[PDB]
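A single chain, nothing else alongside it, follows as structure tokens in the form solved without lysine.
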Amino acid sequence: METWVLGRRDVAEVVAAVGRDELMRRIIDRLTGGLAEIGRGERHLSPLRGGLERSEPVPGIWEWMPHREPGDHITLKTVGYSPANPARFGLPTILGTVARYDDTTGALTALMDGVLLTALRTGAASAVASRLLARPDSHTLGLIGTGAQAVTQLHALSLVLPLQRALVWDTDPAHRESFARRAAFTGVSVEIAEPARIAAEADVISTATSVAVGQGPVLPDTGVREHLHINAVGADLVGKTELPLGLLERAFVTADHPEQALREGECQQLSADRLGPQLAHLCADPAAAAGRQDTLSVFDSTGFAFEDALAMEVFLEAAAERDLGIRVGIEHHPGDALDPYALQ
């Protein structure tokens, strides 16, 4: 037995061969079915993630996220949020890896990049929620925060809504000015616009910022369109929020993971008895979403490990088809199972 390692090269070859659109659609479809299975009680939400706060060079966090499929495998994603990474080191803010362990023996069976996978399934989750809660003729997307997640927010949403334009804002002028080039492949025209204009004109918004704890909101409490749907995607430290309390109190709020969202999502700001049914329930029974497209809605997204397990399965299916990756004997399996020093 050896660990199946998908290097950065193998992950790149999967998305190159399959195509960004098709790969994103596969992950959207997988997440949709998987969320519906949770909503039907056929599967369970992942346990709460844990994390270690880091103060330097700026406040960030490093988190671990398990999800068990009993009798089959356990998925663990380890992921850092380090928002000085881009400017200071030319590294992504979100850096992670995803591992799979055999549930029967405990053995490490597969290991892969989590950077691309994280951006894909986070876009896909917003797409699942926005298909339920945004107007199906939504034309104008607003983006607050135009870093890494903004790219897959725009991409995923462009596959499920007829988006024609994106109004975008970032507090870093370089990061907002570069977004059009990163977005170009989608065919959605990009225009820089201040947050008040985005609030007034957008049919759907995604907020995905590295705003510090206590420095929200990133979208002002002002007039929005009656049917606005917001994907609140930023999430890292306890205390970090993006939306104004007044807007949230007027909204139909569905969390991907209620207990996690109450700790780390916009639901930090809300009384627990004001949550709408969670996303998995909407996927299994759309009665709870019926009519909510035409009034203010918020998808409170924190991400949870089941989404990583599902996206990992999409990657492993493609990689297995193509015989991609390498085998590394990482774990020591002594010839005598009772002898740690039998270094066979």
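In case it trips you up, residue 1 is the first one in the sequence shown, and so on.
A second form of this protein, the form solved in complex with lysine, is not displayed here; the remarks below concern that form.
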* Stretch in contact, per heavy atom within 4.5 angstroms of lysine in the deposited bound form, of 35 to 43, 288 to 296, 61 to 69, 313 to 321 -> 61 to 69
* Please check if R49 has a heavy atom lying within 4.5 Å of any heavy atom of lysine in the deposited bound form. => yes
* May I ask you to check whether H139 falls inside a 4.5 Å heavy atom distance of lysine in the deposited bound form? => no
* To do: Although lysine is absent from this view, report whether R263 comes within 4.5 Å of it in the deposited bound form, heavy atoms only.
  => yes
* If you check in the deposited bound form, is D29 within 4.5 Å of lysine, heavy atoms only? -> no
* Stretch 67 to 85 - residues with a heavy atom within 4.5 Å of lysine in the deposited bound form -> none
